[PDB]
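**Student:** so I pulled this structure from the PDB, and the sequence comes with it:
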Amino acid sequence: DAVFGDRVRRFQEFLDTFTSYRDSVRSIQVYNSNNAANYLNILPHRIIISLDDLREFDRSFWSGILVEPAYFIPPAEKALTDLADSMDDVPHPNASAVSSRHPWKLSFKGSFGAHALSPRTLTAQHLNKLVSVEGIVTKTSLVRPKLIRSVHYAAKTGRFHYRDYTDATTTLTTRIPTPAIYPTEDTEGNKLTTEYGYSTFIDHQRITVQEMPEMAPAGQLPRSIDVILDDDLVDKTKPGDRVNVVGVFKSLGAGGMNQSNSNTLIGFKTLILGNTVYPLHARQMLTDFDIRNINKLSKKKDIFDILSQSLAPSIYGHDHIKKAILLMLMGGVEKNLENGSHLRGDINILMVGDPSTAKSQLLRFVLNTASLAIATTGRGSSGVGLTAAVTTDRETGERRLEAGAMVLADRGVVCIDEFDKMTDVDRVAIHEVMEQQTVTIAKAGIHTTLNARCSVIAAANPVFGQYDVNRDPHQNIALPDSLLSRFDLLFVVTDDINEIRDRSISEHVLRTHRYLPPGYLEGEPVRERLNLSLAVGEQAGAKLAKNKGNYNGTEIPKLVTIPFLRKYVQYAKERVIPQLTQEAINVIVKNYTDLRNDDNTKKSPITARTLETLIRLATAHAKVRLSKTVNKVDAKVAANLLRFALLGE
Amino acid sequence: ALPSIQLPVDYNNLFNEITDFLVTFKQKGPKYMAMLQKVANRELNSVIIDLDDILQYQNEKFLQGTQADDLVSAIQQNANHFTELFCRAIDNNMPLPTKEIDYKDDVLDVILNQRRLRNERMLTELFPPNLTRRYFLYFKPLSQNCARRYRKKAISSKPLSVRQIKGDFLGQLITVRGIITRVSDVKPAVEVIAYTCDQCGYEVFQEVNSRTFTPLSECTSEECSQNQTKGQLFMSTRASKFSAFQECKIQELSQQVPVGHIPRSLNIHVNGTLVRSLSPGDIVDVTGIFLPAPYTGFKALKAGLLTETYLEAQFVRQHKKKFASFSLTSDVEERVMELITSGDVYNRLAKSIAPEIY
DNA sequence: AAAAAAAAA
Ligand SMILES: Nc1ncnc2c1ncn2[C@@H]1O[C@H](COP(=O)(O)OP(=O)(O)OP(=O)(O)O)[C@@H](O)[C@H]1O
Ligand SMILES: [Mg+2]
Ligand SMILES: [Zn+2]
């Protein structure tokens, strides 16, 4: 009755108290006006409020929102729409577009306290309450528009009529249902023609979010919940993404309380009307002094060795492997030609060795430190299901392709373990990807080519239990040469027994195990921790807090932390695209001619494709030092690394 | 019942301006009378409307302070309504045939003449105009240079991707781009359905624009309207009016797909003389009307507000390339003369296939 | 449509 007006005026008072939101709204308005008629982006009518200030202003309204949003959000939205209408000033508007009536829906950020849950923790007593849930995106539905309000016209009357339709998921408050019956006749029988272009249609999509399997009870499968979101943010993110979704958790449907029930045990349906979505990413933007520090480090002489040594400090030796991983994470550029079609741009690395030489651990480290990566096991995968699958959507009743493991890793890196133990059939499915970086699906009436430009890193064991240095390299490796020729670098590792190395590695490994997490005692095991205190988060250059990287002093050479290295990778993969020059060309051609005509035994045969590997390695090294041109030093280091990987020191 | 709202659009002035444009337009005299004259002589089978002509006519008549509004904006905002406005304007201003007609072949007109000589002799039914209509109406999207000619942002075109089409583009005229994959066959579609009345006066007609259809049971014939039944009404195949119907779907190009996604599709309906103007496996620039389609055909009683959508074709630019089956032309004749002058050819042809391979 | 167990080649 009047409580709606009371809440509306209180929210108007609160909006008038804080002057940031008004500035944002008028900025949106002026940008929208400038987009209209000046020689393709438009800002949506959505604003995000920080409920910390609301709590500091009025505790009653804050509690009402966080406990029963159904009776508090609509008044706030009405007040915001009224403010926007009052402040707006358009003297000559349009006809069809003026009847949009966007209500300026809201988004929230700030501390939630006990209302930040996980998909398993959602229970009965959290219904009808605003919540924020973390999780992983499992699968999505198709974007389908839905009607809101229809526009009708009658020729005889000349008066435009309108009828409004709402559903259970359309509004927070339950109202009397309305069918989709089109009004075609007037009260006096005049004919009504539906007017497209004046009616209102809003986009609709359903997604399902799953709890992270890492934080799960022992011996329990992960559980998932479904989220409905509409209008804006309709097609953000994708399956295989870590998200934080804030919205209202409410039930819907009769659920058998009508006469349709067949058995006693009938349960209701629960669903979340998502209000906002944030990318978790376990942040992604560089600051000014960050760029200053990156430039200062890149102008140093020996940045590349420092960066290589910084990777996985708990692994002894394998320095060239670390350098190869560093060059692979930020490989060369892709080439396209009007007549030359397409040229591959990145690097793939394969390692083979006898057991217990720290390959899987390095693979896990590469998974953890990469921008985007997917873990795959040879035995626990099927090639047909690795690329694409056919699934029938429950809503639309049609069958649509579901993205496979490798497609999700587009512009990423894929790590495969037990590669030599992986079925031969599915191997061809890999080779196709290694051929043109594109998978073709022609099955059940769907003919589509899907882009997959990822890099693949794998580690495999030799045919015997241990490597035989006296045998043919082809004899020791079970994989056929057809796919082995694709990999740019092949590495063979062996645990040669030497008492000096044995003592050094023993001391190192014992040093690692004598570690204690900061601020926690040694008498009790590790305990799980809660989420961050802030549900949604966000003097320069004189501190160098984490810029220098050296957390602990152990050697004269420097070190850098993981976040700074990742920021360096993000900057390098975007801001620099080097161009090769003839000075490095001479060195590359000379060393290729020399290596080809050395005429001695070697691990693998060499052919014309190795020069492409040299070119992209030089490009990657030019990217490492952040230069737009390729110097002969990059050619020299690439040749040295190749000689090490193929001859051995 | 239904609340009423006020809109700045009124169709009276729009129709008057449409008629004035159709009559007075100078590009042979007026062009839009030449097309109507060819249609009257049963020569032209479809009518194409250029929005650039309307825009430039309005712009050049704006120099005199008589014009008050613009039409192309309302065309872009809504399209289906202007189709029936245009067909009514054409039907009102159809000139007489200046050429002879082989009148015996038009069996529809012969049957209608027989019905008229039956009914009007007694001293008759006013048949719907679309049954009498023989032509098809098509629109053509404007060109960007014409928009550049003036200050206004009358742009349209802009061949959006399949996934770039949102729920706010329903009812507008939009242009899409993509590869055609599936093309169905050609099948007739009903426009006006006629029933015979078993020799009981006039034969009842009906027109259904929906995708479903229901038949009649009783008829308005006077002796049939008499208190006892006189003959069961039966559908007549000859008297009805049909139209060619075809459907196809288009897929997004691989260049426009965002990373880590699966391309989407779009359904296209096509009717009239434009049928069979496209083949599977080509890049096209299709312009049409983006219309909603009811879900009730599936008959699931779900998705109370969710609906399916489709595009109705209006103009197709086939684009891509043409094989032409080496059809002889003058230019290629001078080309082969140049080849004759070139001397020995096959060595250069071998050198010129794949220079990238050494 | 796609994964998993069984007997015969
Ligand atoms: N250089 C090293 N530094 C630290 N730990 C090492 C090193 N070499 C081996 N290890 C240890 O050896 C153990 C074996 O690990 P892991 O199984 O990942 O190795 P691997 O060589 O990939 O073996 P596999 O062929 O069985 O997969 C690990 O606990 C790892 O810490
Ligand atoms: Mg291992
Ligand atoms: Zn009868």
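**Tutor:** On my side now, so go ahead. Residues are numbered from 1 along each chain as shown, chains lettered A, B, ... in the order given. Ligands and ions are numbered 1, 2, ... in the order given.
**Student:** only C-alpha atoms from now on, for both contacts and neighbour counts.
**Tutor:** OK.
**Student:** if we go by neighbour counts, what in the lengthiest helix in chain B is buried?
**Tutor:** Using DSSP state H, we find that the single longest helix of chain B is helix B:107-122. By neighbour count with 16 or more other CA atoms under 10 Å in any protein chain shown, helix B:107-122 contains the buried residues B:108, B:115, B:116.
**Student:** what's that helix in contact with?
**Tutor:** B:104, B:124, B:201, B:202, B:238, B:239 (CA atoms under 8 Å, 6 or more residues apart in numbering or on different chains).
**Student:** how many neighbours does the second one have?
**Tutor:** Counted with other CA atoms under 10 Å in any protein chain shown, the neighbours of residue B:124 add up to 14.
**Student:** quick one: it is in a helix?
**Tutor:** No. The assignment for residue B:124, made by DSSP: H, G, I helix; E, B strand; the rest coil, is coil rather than a helix.
**Student:** for residue A:70, grab the count of nearby residues.
**Tutor:** As a measure of burial, residue A:70 has 20 neighbours, counting by other CA under 10 Å.
**Student:** what's the burial count for the closest residue to it other than its chain neighbours?
**Tutor:** The shortest distance from residue A:70 to any residue other than its chain neighbours is 5.9 Å, reached at residue A:172 (CA to CA, 6 or more residues apart in numbering or on different chains). Using other CA under 10 Å, residue A:172 has 17 neighbouring residues.
**Student:** can you check residue A:32 too?
**Tutor:** Using other CA under 10 Å, residue A:32 has 14 neighbouring residues.
**Student:** am I right that it is in contact with residue A:42?
**Tutor:** Yes. The pair residue A:32 and residue A:42 qualifies as a contact (CA atoms under 8 Å) at a distance of 6.3 Å.
**Student:** the longest strand seen in chain B - contacts with which helices or strands?
**Tutor:** Across chain B, the longest stretch assigned as strand under DSSP state E is strand B:234-251. Identification of packing neighbours for strand B:234-251 by 3 or more CA pairs under 8 Å, 6 or more residues apart in numbering or on different chains; DSSP states H and E yields helix B:107-122, strand B:173-183, strand B:187-196, strand B:265-271.
**Student:** paired strands for that strand, with orientation please.
**Tutor:** Counting by DSSP bridges, the strands paired with strand B:234-251 are strand B:173-183 (antiparallel), strand B:187-196 (antiparallel), strand B:265-271 (antiparallel).
**Student:** mean neighbour count, these: which tops it?
**Tutor:** Comparing the strands paired with strand B:234-251 by mean neighbour count (mean count of other CA atoms under 10 Å in any protein chain shown), strand B:173-183 comes out on top with a mean of 21.
**Student:** got the residues of the stretch 51-200 of chain B near ligand 3?
**Tutor:** B:197, B:198, B:200 (CA under 5 Å from the ion).
**Student:** same thing but 8 Å
**Tutor:** Of all the residues in the stretch 51-200 of chain B, those in contact range of ligand 3 (CA under 8 Å from the ion) are B:197, B:198, B:199, B:200.
**Student:** now for the third one, how many residues are close by?
**Tutor:** Residues contacting residue B:199 under the criterion other CA under 10 Å number 11.
**Student:** quick one, strands of chain B?
**Tutor:** Per DSSP E, chain B has strands spanning B:4-5, B:46-50, B:136-140, B:173-183, B:187-196, B:205-207, B:234-251, B:265-271, B:283-293, B:308-317. These are given in chain order.
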